[PDB]
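First the structure, in the form of structure tokens, and then the observations on it.
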Amino acid sequence: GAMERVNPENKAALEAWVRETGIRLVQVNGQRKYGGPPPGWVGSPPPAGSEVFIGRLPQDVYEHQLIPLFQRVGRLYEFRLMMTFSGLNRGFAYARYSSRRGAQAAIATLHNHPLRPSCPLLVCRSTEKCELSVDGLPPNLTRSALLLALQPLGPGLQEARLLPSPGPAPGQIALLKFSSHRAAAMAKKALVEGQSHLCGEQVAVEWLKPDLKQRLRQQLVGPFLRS
RNA sequence: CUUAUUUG
């Protein structure tokens, strides 16, 4: 029989695994995330580039493959894996390492890992979610009103600054530091949902980028090199 | 780089 039916043995295999480590994948309306890593180490990820994200993966692979592939390049603190149902499952996931040295090895090891002859497994980092980015903004409105305009929908905001535009054109950029990933996502989501066009102008909501951040920093160091 | 969570 079979060969014309689904294979539940796959999703059953990881169930038999999570039970033997006691991680018990927490569901998110259908998504899944791993946590509560095995003993042999103690601590918590410090402020570091310990963030890593794989992409362009197979739509049929399970975390029972991606997760061990993470625990071998470095200490995993928390992995997460998501898919969609608009017509077909996606294949993308990310993880946070005990330190950036684990995250740096992971990309340099998994990006160069051809899981299949047709799957150039892509990886990335520095998408910490800890910070939010904005573009366009109001015409002349002050930075104080920008925050207030999004403060009731993102009360987790600790600090924000507006200056270092991506260039070459003017228009500044707004860089918000939230209390948590989701805290920035709750605010970020409201802006893409339609809380944008503040002061009747225009806005574009996006996260930090590894190319954006170096350009941000190269001009941010400017006023910071002195008192 | 062939780049993602807010969610399907």
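In table form, for the structure just shown:
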{"item": "Unmet criterion (only one of (1) surrounded by 16 or more Cβ atoms within 10 Å (Cβ to Cβ); (2) of a type outside the set (D, E, K, R); (3) outside any helix (DSSP H, G or I)) for A:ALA185", "result": "(3)"}
{"item": "Any hit, the stretch A:137-157, residues being in contact with a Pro (Cβ under 6 Å, 6 or more places away or on another chain) and touching a residue at least 60 places away in the same chain (Cβ under 8 Å)", "result": "no"}
{"item": "Matching option when the condition is touching a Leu at 6+ places or on another chain (Cβ under 7 Å) and either surrounded by 12 or more Cβ atoms within 10 Å (Cβ to Cβ) or of a type outside the set (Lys, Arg) (or both), among A:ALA174, A:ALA204", "result": "A:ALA174"}
{"item": "Residue list for the stretch A:12-32, filter: aliphatic (A, V, I, L, M) and in contact with a helix residue (DSSP H, G or I) (Cβ under 8 Å, 6 or more places away or on another chain)", "result": "A:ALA13, A:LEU14, A:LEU25"}
{"item": "Tally, over the stretch A:126-160, of residues that are of a type in the set (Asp, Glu), within 12 Å of RNA strand B (Cβ to nearest atom) and part of a strand (DSSP E or B)", "result": "1"}
{"item": "Sole exception among (1) more than 16 Å from RNA strand B (Cβ to nearest atom); (2) farther than 19 Å from A:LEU141 by Cβ; (3) in contact (Cβ under 8 Å) with a residue 24 or more places away in the chain for A:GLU201, by number", "result": "(2)"}
{"item": "The stretch A:11-27, residues that are in contact (Cβ under 8 Å) with a residue 24 or more places away in the chain, more than 16 Å from RNA strand B (Cβ to nearest atom) and in contact with a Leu (Cβ under 9 Å, 6 or more places away or on another chain)", "result": "A:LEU14"}
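Backbone-built Cβ (ideal geometry, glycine too); neighbour counts: all protein chains shown. Any read-out appearing in this document is the output of simple, stated calculations on the displayed coordinates, not a laboratory observation.
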